[PDB]
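To find a chain, count down the sequence lines: A is the first, B the second, and so on, and within it residues start at 1. For the numbers below, each heavy atom of this structure counts, side chains included, while hydrogens, waters and symmetry mates do not.
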Amino acid sequence: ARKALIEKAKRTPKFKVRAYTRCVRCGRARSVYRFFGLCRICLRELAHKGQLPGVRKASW
Amino acid sequence: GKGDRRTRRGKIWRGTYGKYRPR
Amino acid sequence: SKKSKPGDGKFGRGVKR
Amino acid sequence: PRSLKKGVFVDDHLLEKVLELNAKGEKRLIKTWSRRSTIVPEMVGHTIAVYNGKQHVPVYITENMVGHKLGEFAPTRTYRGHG
Amino acid sequence: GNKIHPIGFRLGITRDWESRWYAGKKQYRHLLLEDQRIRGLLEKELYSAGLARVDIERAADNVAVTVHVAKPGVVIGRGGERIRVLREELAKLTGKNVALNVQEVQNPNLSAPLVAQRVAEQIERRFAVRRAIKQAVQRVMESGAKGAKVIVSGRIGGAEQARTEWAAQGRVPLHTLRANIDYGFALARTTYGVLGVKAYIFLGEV
RNA sequence: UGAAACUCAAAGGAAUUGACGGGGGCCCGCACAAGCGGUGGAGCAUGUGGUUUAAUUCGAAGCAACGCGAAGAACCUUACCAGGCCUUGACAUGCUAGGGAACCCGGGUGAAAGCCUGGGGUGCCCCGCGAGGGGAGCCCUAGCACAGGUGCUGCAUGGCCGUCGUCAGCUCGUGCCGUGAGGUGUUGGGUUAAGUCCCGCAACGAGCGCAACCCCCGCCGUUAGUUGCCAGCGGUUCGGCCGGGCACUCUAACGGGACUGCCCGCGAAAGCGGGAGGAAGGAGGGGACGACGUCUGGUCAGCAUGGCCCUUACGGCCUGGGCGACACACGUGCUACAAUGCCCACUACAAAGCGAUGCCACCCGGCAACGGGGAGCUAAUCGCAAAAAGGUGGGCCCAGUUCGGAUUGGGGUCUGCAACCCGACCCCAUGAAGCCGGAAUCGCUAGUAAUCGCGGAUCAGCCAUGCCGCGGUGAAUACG
Ligand SMILES: [Mg+2]
Ligand SMILES: [Mg+2]
Ligand SMILES: [Mg+2]
Ligand SMILES: [Mg+2]
Ligand SMILES: [Mg+2]
Ligand SMILES: [Mg+2]
Ligand SMILES: [Mg+2]
Ligand SMILES: [Mg+2]
Ligand SMILES: [Mg+2]
Ligand SMILES: [Mg+2]
Ligand SMILES: [Mg+2]
Ligand SMILES: [Mg+2]
Ligand SMILES: [Mg+2]
Ligand SMILES: [Mg+2]
Ligand SMILES: [Mg+2]
Ligand SMILES: [Mg+2]
Ligand SMILES: [Mg+2]
Ligand SMILES: [Mg+2]
Ligand SMILES: [Mg+2]
Ligand SMILES: [Mg+2]
Ligand SMILES: [Mg+2]
Ligand SMILES: [Mg+2]
Ligand SMILES: [Mg+2]
Ligand SMILES: [Mg+2]
Ligand SMILES: [Mg+2]
Ligand SMILES: [Mg+2]
Ligand SMILES: [Mg+2]
Ligand SMILES: [Mg+2]
Ligand SMILES: [Mg+2]
Ligand SMILES: [Mg+2]
Ligand SMILES: [Mg+2]
Ligand SMILES: [Mg+2]
Ligand SMILES: [Mg+2]
Ligand SMILES: [Mg+2]
Ligand SMILES: [Mg+2]
Ligand SMILES: [Mg+2]
Ligand SMILES: [Mg+2]
Ligand SMILES: [Mg+2]
Ligand SMILES: [Mg+2]
Ligand SMILES: [Mg+2]
Ligand SMILES: [Mg+2]
Ligand SMILES: [Mg+2]
Ligand SMILES: [Mg+2]
Ligand SMILES: [Mg+2]
Ligand SMILES: [Mg+2]
Ligand SMILES: [Mg+2]
Ligand SMILES: [Mg+2]
Ligand SMILES: [Mg+2]
Ligand SMILES: [Mg+2]
Ligand SMILES: [Mg+2]
Ligand SMILES: [Mg+2]
Ligand SMILES: [Zn+2]
């Protein structure tokens with residue numbers, strides 16, 4: 001139960017309550033940020049890569 | 001005490017309003 | 001004899017579905 | 001509980017299955033999957049087979065089962081205690 | 001497993017992003033997809049050129065992708081015609097006016113992402129892993145670098161027991177932020193699983 | 001004096017590197033000691049073991065699993081169960097044959113999915129006063145190549161993480177010692193937070209670590225002066241509101257500043273004790289940063305991936321159920337047992353963030369949740385927003401209470417297709433246990449512990465008492 005659910009998230013559904021975020025990179029259904037469209041893992045992968053505009057390891 | 005929805009203290013805790021903590 | 005844990009009594013296979 | 005400003009909820013597809021019976025002289029044993037439907041005063045005297053996730057439990061309705069959903073009368077877990 | 005990404009660690013210091021733009025909350029993400037999808041195509045199609053860094057600039061309703069290829073002869077093709085069929089292929093994904101430069105490579109033996117791919121292919125082509133690492137690190141230091149470290153991990157030689165192999169020369173101070181460490185990763189598929197190849201080039205400090 | 005049967009692949013010597021000692025010496029860490037708050041008892045929230053179940057999907061396992069993956073399970077999620085359904089398939093590439101489409105609005109059945117359906121009408125280059133027939137975005141019917149699998153193996157793997165441990169350590173090159181494993185350097189005296197640094201030396205250097213460069217905070221400067229500020233005059237419906245101004249406060253970018261630099265005292269030196277200047281003193285406080293390695297540590301369920309396995313089904317769609325079960329046991333928490341408190345009215349003082357089917361000023365209906373109207377803000381401007389502990393005033397009078405707020409009855413509100421299983425909130429009623437917790441056991445050395453409130457991610461709503469942050473008030477103690 002993976003690819004069929006990557007597709008089924010994109011579909012527009014019988015009711016709008018059935019709409020959930022999925023990671024656009026890996027397809028994770030959990031811990032997804034709406035700002036990026038990324039899960040917390042992918043987020044951290046592309047971040048350290050520099051491929052994430054103006055994102056930067058905070059520290060204070 | 002904060003478990004008491006029926007007072008101003010309980011409402012601040014659950015962060016709501018009503019008769020007992022109006023806004 | 002099918003999917004995932006717990007086992008259904010055949011090597012590798014489990015009870016689900 | 002549902003806003004009484006909004007409509008007392010029945011799935012519509014189950015309520016029509018009823019009114020027809022009322023009309024052409026009820027009653028067949030009516031089965032459904034709408035646990036979420038409210039017991040409506042039309043329904044009294046019928047028996048409704050409500051799915052519990054596994055089977056359709058026969059439920060005979062009476063004047064005093066009216067406030068409730070049909071799911072209140074077909075429980076979903078079988079227990080019978082430890083021991 | 002412990003150590004932090006050497007590049008992620010120096011953004012704002014020794015290293016620049018690979019996408020430069022601002023976008024409001026209402027569509028930062030949409031851009032981000034295009035970007036990832038962009039490099040998807042190019043790292044897919046232009047692997048054979050030896051790709052090293054896709055720099056994606058944005059202003060508004062247009063884009064400027066800059067590809068950093070080792071042999072730009074493969075990028076531009078027979079008379080501005082390859083680079084064209086792709087600058088056209090990019091519009092079919094971008095939609096916007098996809099402006100595509102090709103930038104020369106300084107010294108390929110000083111591109112950590114390149115070294116990695118050269119080693120990964122050698123281990124993909126059944127060469128001695130330990131040897132290939134000592135050779136790669138030689139070629140870097142000769143190209144006038146101040147240090148180099150290459151790390152192979154996986155079923156080396158097909159050994160059932162997975163192993164870590166590495167080799168390091170010069171100096172590599174991953175705790176020093178003024179150090180300029182080009183880092184790169186390559187993946188190497190084989191008949192018996194996958195191996196990761198990490199290449200560290202120390203280019204001097206600031 | 002002194003065998004044999006039988007049996008084993010070793011039995012042994014010295015020495016090396018480790019690990020270990022209820023061996024030694026020298027050190028360090030909230031390690032104990034010194035203290036302050038708590039856990040273990042109660043009721044409840046959540047995680048787990050166990051049991052139960054059609055299913056209660058699967059993983060994490062002493063420290064380093066147990067409010068952990070889960071930074072949002074009513075449907076969705078969902079990976080599980082029951083049932084009803086599809087079979088080149090929800091999705092990718094490519095090949096055929098037919099319709100010849102494309103796409104957008106319906107209808108019958110059915111819980112839906114699905115099955116059966118009813119319409120209209122497409123370029124594209126074309127021989128076109130012609131009947132027209134080809135070809136082509138892309139749909140559909142059959143038919144192949146193929147897709148699909150959160151099925152197994154973390155003991156085949158990559159990646160990333162935990163952890164010993166921010167501990168002071170791990171090594172290399174050449175030389176020298178040894179038949180050799182190895183040793184030397186890295187040991188030794190002194191010093192440091194530190195293999196920090198000094199002196200000594202068959203060693204002399206070098207690398208990974210420590211420190212340093214990065215970030216927040218503390219003093220000062222430059223640059224700026226609106227949406228922020230208001231020192232001193234002018235108006236003023238008495239609000240920096242208007243004239244005006246950028247001094248100040250702030251905001252946010254670039255610099256300065258602390259160096260054991262100076263004085264004394266010890267000393268071979270490194271440093272160490274003390275003093276002065278100074279906002280800050282011995283690394284000023286806090287963060288980011290994690291050595292060679294260990295644990296066949298974790299994760300095939302984020303992803304990647306070798307191999308094994310499924311093929312009208314271990315795939316895919318649906319409705320419903322379950323993940324929320326409950327004789328029980330454990331963990332992490334929330335709220336308390338009261339007077340240094342509880343309650344009502346009035347009145348002060350933050351910081352960091354969020355916000356154009358969003359934040360919602362303000363007006364009205366409502367005891368209220370909320371509802372209707374309704375300005376402003378793409379936001380240093382408008383809004384969330386009242387901060388709460390505090391301060392002032394009154395009330396309670398030591399009672400299972402005006403302490404505590406579980407449990408149950410009734411009546412509503414909102415989100416949402418829908419709140420039976422299984423949501424939050426509001427009001428009337430109810431008003432349990434609990435009188436400070438057995439053996440045991442946890443945290444913290446200063447703006448800390450304790451106490452007080454506020455924000456955000458996720459998110460329709462929410463079971464958040466969780467988590468990541470923010471500032472208010474602000475101790476006790478350290479002999480050793
Ligand atoms: Mg949802
Ligand atoms: Mg999500
Ligand atoms: Mg089981
Ligand atoms: Mg094979
Ligand atoms: Mg011996
Ligand atoms: Mg103690
Ligand atoms: Mg407890
Ligand atoms: Mg308890
Ligand atoms: Mg269990
Ligand atoms: Mg479990
Ligand atoms: Mg598993
Ligand atoms: Mg939750
Ligand atoms: Mg479900
Ligand atoms: Mg392992
Ligand atoms: Mg691993
Ligand atoms: Mg396991
Ligand atoms: Mg050691
Ligand atoms: Mg040597
Ligand atoms: Mg010799
Ligand atoms: Mg040696
Ligand atoms: Mg020495
Ligand atoms: Mg040592
Ligand atoms: Mg040593
Ligand atoms: Mg040694
Ligand atoms: Mg020695
Ligand atoms: Mg230290
Ligand atoms: Mg000025
Ligand atoms: Mg450091
Ligand atoms: Mg294991
Ligand atoms: Mg996998
Ligand atoms: Mg696999
Ligand atoms: Mg399925
Ligand atoms: Mg379902
Ligand atoms: Mg759970
Ligand atoms: Mg207990
Ligand atoms: Mg809790
Ligand atoms: Mg709020
Ligand atoms: Mg009582
Ligand atoms: Mg009693
Ligand atoms: Mg009472
Ligand atoms: Mg009370
Ligand atoms: Mg009720
Ligand atoms: Mg519910
Ligand atoms: Mg008492
Ligand atoms: Mg106590
Ligand atoms: Mg206790
Ligand atoms: Mg300490
Ligand atoms: Mg309190
Ligand atoms: Mg909160
Ligand atoms: Mg929320
Ligand atoms: Mg609940
Ligand atoms: Zn992801």
Chemist: Base, sugar-phosphate alone, or nothing: which one does A/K8 contact when heavy atoms must sit under 4.0 Å apart?
Modeler: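 Here A/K8 touches the backbone only, sparing every base.
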Chemist: Counting only side-chain N and O atoms of B/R9, is one of them less than 4.0 Å from OP1 or OP2 of F/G453?
Modeler: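 So the side-chain polar atoms of B/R9 do come within 4.0 Å of the phosphate oxygens OP1 or OP2 of F/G453, strictly under.
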Chemist: I want to verify a distance call: between F/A389, F/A79, F/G293, whose nearest atom is closest to the A/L5 side chain?
Modeler: F/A79
Chemist: Does the structure show a Watson-Crick or G-U wobble partner for F/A202, both distances under 3.5 Å? Name it, or say none.
Modeler: none
Chemist: Of the candidate nucleotides F/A54, F/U150, F/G69, which contains the atom at the shortest distance from the side chain of A/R40?
Modeler: F/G69
Chemist: For F/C414, take OP1 and OP2 only and decide whether either is under 4.0 Å from a side-chain N or O of D/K5.
Modeler: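 The answer is yes; a side-chain N or O of D/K5 sits under 4.0 Å from OP1 or OP2.
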Chemist: Does F/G320 have OP1 or OP2 under 4.0 Å away from a side-chain N or O of D/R35?
Modeler: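 Looking at the OP1 and OP2 atoms of F/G320, neither is under 4.0 Å from any side-chain N or O of D/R35.
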Chemist: Under 4.0 Å between any heavy atoms, over every strand shown, what does B/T16 touch: base, sugar-phosphate, or nothing? Just pick one.
Modeler: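 Contact class for B/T16: sugar-phosphate only.
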Chemist: Expressed as a whole number of Å, how far does the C1' atom of F/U96 sit from that of F/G158?
Modeler: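 Roughly 41 Å separates the two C1' atoms.
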Chemist: Expressed in whole Å, how much space separates the P atoms belonging to F/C467 and F/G190?
Modeler: 49 Å
Chemist: Under 4.0 Å: is that the gap between some side-chain N or O of E/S153 and OP1 or OP2 of F/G158?
Modeler: no
Chemist: Could you tell me whether E/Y200 and E/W166 have their ring centroids closer than 6.0 angstrom?
Modeler: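 Judged by ring-centre distance (under 6.0 Å), E/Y200 and E/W166 do not meet the cut-off.
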Chemist: Under a 4.0 Å heavy-atom cut-off, which of residues 44-60 of chain A touch RNA chain F?
Modeler: A/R44, A/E45, A/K57, A/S59, A/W60
Chemist: Could you check if F/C262 and F/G47 make a Watson-Crick or G-U wobble pair, where both distances must be under 3.5 Å?
Modeler: no
Chemist: Distance check: side-chain N/O of A/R34 vs OP1/OP2 of F/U458, anything under 4.0 Å?
Modeler: no
Chemist: Check every strand shown and say whether B/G18 touches a base, only sugar-phosphate, or nothing at a heavy-atom separation below 4.0 Å.
Modeler: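 Result for B/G18 = sugar-phosphate.
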Chemist: So A/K3, base contact, sugar-phosphate only, or nothing? Heavy-atom distance under 4.0 Å.
Modeler: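 Counting heavy atoms under 4.0 Å across all strands, the contact made by A/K3 includes a base.
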Chemist: F/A71 P sits how many Å from A/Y33 OH, rounded?
Modeler: 11 Å
Chemist: When you compare F/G416 with F/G456, how far apart are their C1' atoms, in angstrom units rounded to a whole number?
Modeler: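 The same atom, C1', in both gives a distance of 25 Å.
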Chemist: Does F/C428 have its OP1 or OP2 closer than 4.0 Å to a side-chain nitrogen or oxygen of B/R6?
Modeler: yes
Chemist: Which part of the nucleic acid, if any, lies within contact of E/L177, taking any heavy atom under 4.0 Å across all strands shown: a base, the sugar-phosphate backbone alone, or nothing?
Modeler: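 Base contact.
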Chemist: C/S4 side chain: which of F/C428, F/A418, F/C152 is closest?
Modeler: F/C152
Chemist: Does a Watson-Crick or G-U wobble pair link F/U48 to F/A90, with each of the two distances under 3.5 Å?
Modeler: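 When the criterion is applied, F/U48 and F/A90 do not count as a base pair.
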Chemist: Taking the nucleotide of RNA chain F with the closest heavy atom to each, which residue, A/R30 or B/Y20, is nearer the 5' end?
Modeler: A/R30
Chemist: How close or far is atom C1' of F/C76 from atom NZ of A/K10, stated in whole angstroms?
Modeler: 17 Å
Chemist: Applying a 4.0 Å non-hydrogen cut-off, can you work out what A/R22 is touching in the nucleic acid: base, sugar-phosphate, or nothing?
Modeler: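 Sugar-phosphate, backbone atoms only, no base.
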Chemist: Do any of residues 62-69 of chain D sit with a heavy atom less than 4.0 Å from RNA chain F, and if so which?
Modeler: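 When residues 62-69 of chain D is checked for heavy atoms under 4.0 Å from RNA chain F, the hits, listed by number, are D/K69.
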Chemist: Would B/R9 and B/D4 pass as an ion pair if we require N to O under 4.0 Å?
Modeler: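 No, no charged N to carboxylate O under 4.0 Å.
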Chemist: Over all strands shown, is A/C42 touching base, sugar-phosphate only, or nothing at heavy-atom distances under 4.0 angstrom?
Modeler: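 It contacts base atoms.
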Chemist: Could you tell me whether E/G154 contacts a base, only the sugar-phosphate backbone, or nothing, with contacts defined as non-hydrogen atoms closer than 4.0 Å?
Modeler: sugar-phosphate
Chemist: Determine the Euclidean distance between corresponding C1' atoms of F/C81 and F/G47; express it in Å to zero decimal places.
Modeler: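 That atom pair is separated by 24 Å.
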Chemist: Could you check which of F/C425, F/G320, F/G72 has an atom nearest any side-chain atom of B/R14?
Modeler: F/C425
Chemist: Taking the P atom of each, how far is F/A433 from F/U408, in whole Å?
Modeler: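 About 16 Å, rounded to a whole number of Å.
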Chemist: With both distances required to be under 3.5 Å, indicate if F/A464 and F/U305 make a Watson-Crick or G-U pair.
Modeler: no
Chemist: Nearest to the side chain of B/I12 - F/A82, F/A388, F/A112?
Modeler: F/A388
Chemist: Just checking A/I6: base, sugar-phosphate only, or nothing, at a heavy-atom cut-off of under 4.0 Å?
Modeler: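 Answer is nothing: A/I6 stays at 4.0 Å or more from every strand.
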Chemist: Mind checking if F/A329 and F/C330 stack, meaning centres of the six-membered rings less than 5.5 Å apart and planes less than 30° off?
Modeler: yes
Chemist: Is there, by distance only and without an angle test, a donor paired with an acceptor across the side chain of E/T176 and the base of F/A212 below 3.5 Å?
Modeler: yes
Chemist: Taking a pair as Watson-Crick or G-U wobble with both distances under 3.5 Å, which nucleotide is matched to F/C342?
Modeler: F/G395
Chemist: Taking only the side-chain nitrogens and oxygens of A/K14, find out if one of them lies under 4.0 Å from OP1 or OP2 of F/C76.
Modeler: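 Checking F/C76 against A/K14, no side-chain N or O comes under 4.0 Å of OP1 or OP2.
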Chemist: Just N and O in the side chain of D/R2: are any of them under 4.0 Å from OP1 or OP2 of F/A418?
Modeler: yes
Chemist: Can you find a side chain N or O atom of B/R8 that sits less than 4.0 Å from OP1 or OP2 on F/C344?
Modeler: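 Affirmative; the distance criterion is met.
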Chemist: Quick test of your reading: by the Watson-Crick or G-U wobble rule with a 3.5 Å threshold, is F/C295 paired to F/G162?
Modeler: yes
Chemist: F/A339 and F/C367: how far apart are their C1' atoms, nearest whole angstrom?
Modeler: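 So the two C1' atoms sit 31 Å from each other.
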Chemist: Is any NZ, NE, NH1 or NH2 atom of the basic residue among E/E81 and E/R84 found under 4.0 Å from an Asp or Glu carboxylate oxygen of the other?
Modeler: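 Judged by the 4.0 Å cut-off on N to carboxylate O distance, E/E81 and E/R84 do form a salt bridge.
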Chemist: Ignoring backbone atoms, establish whether E/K3 has a side-chain N or O less than 4.0 Å from OP1 or OP2 of F/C160.
Modeler: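 For F/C160, OP1/OP2 do not have a side-chain N/O of E/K3 under 4.0 Å.
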Chemist: Output the rounded distance in Å from NZ (C/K16) to P (F/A79).
Modeler: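 In whole Å, F/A79 P lies 13 Å from C/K16 NZ.
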Chemist: Can you label the angle between the D/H56 ring and the D/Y51 ring as parallel, tilted or perpendicular, going by 30° and 60°?
Modeler: tilted
